Structures are given as C-alpha cells and as structure tokens.
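Only one chain comes next, encoded as structure tokens, the form deposited without ligand CYT.
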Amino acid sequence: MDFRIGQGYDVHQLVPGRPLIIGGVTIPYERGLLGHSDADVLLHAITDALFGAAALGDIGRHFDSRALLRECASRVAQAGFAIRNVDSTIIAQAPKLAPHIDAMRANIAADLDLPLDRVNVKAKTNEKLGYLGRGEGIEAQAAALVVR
C-alpha cells in the first residue's frame, strides 16, 4: 500500500547540572543534555523521522519530549498515517546505555501506541573519535516506516 519512510538526526551537548534523559529514561550521570526542552536527543530524532515519513516538516516547524513525541504521533495520525515501525541508534561514549535500552523501548512504544516488537533502540560508542568520542555530546539517529 501507501508506505513512506522517514529519517531523523539529533545531537545535544553534554553539560554539568542537568539530568541525563534519553528515551524518557533518567540515567545516573554527572552531566546531562543541553536544550530548550529536556533535550531528549533520542525522542527528538524519532519525532523528526516520523514527521519526515508523513511529509509534515520537522520538529522545529511544529513546536517534556515525551509529550512532544505523543503530539507528533497525533499529527501523524491526523494526516492519515499509521506507524509500522521505528528503529534508532544512540551514540554516546559514556555512560553505558545497555541496561536502559529496554526501558527506552517501552517508553517509545507507549508514546506511539505501538507493540514492543515494532520499536527498536540500539546503542553505540564513537570509538573515542570527535566530539562524541570526547564525551562532549550525544547523537541519535532514527528511521520510521508509516503507511497512509
């Protein structure tokens, strides 16, 4: 049928005195992500991928990050699209994200009204390269498939 794909990218600086919140999960860490919102880099990337797949523009032209993700899903449905799946990658040199992946997936699935088997989150370091490798920021990438 009328399938569409979307792709999303986000990055935020890591700064002192902020909670680290990724995929809705508060992760123990001495620094957190800097932004106007709670700076949830993963949710932002997914949001952009979903807007992209529905050809609805981007997060900047539309607008915590879970409320924003829920609103994104609403606007995607309003345009006549159903979400089929989401995949994503977080790139962070530190801290370890593996123990938190399942909770992120559950959060995203709940926000998008999707079963768990249609949401994926993957974790990577940057092999100590560049600003990500120096722990100056955290990047997220996302892909979304929808159908009209």
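One-based numbering along the sequence shown.
Below: the form deposited with ligand CYT bound, not depicted.
- Comparing 104-112, 79-87, 117-125, 25-33 against ligand CYT in the deposited bound form, the single stretch with non-hydrogen atoms within 4.5 angstroms of it is 117-125.
- Ligand CYT in the deposited bound form comes within 4.5 Å of no heavy atom belonging to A55.
- Interface membership of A67, defined by any non-hydrogen atom within 4.5 Å of ligand CYT in the deposited bound form, is ruled out.
- Using a 4.5 angstroms threshold between heavy atoms, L97 counts as touching ligand CYT in the deposited bound form.
- Among residues of the shown chain, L50 is not one whose heavy atoms approach ligand CYT to within 4.5 Å in the deposited bound form.
- For the stretch 76-92, the set of residues having any non-hydrogen atom within 4.5 angstroms of ligand CYT in the deposited bound form comprises only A92.
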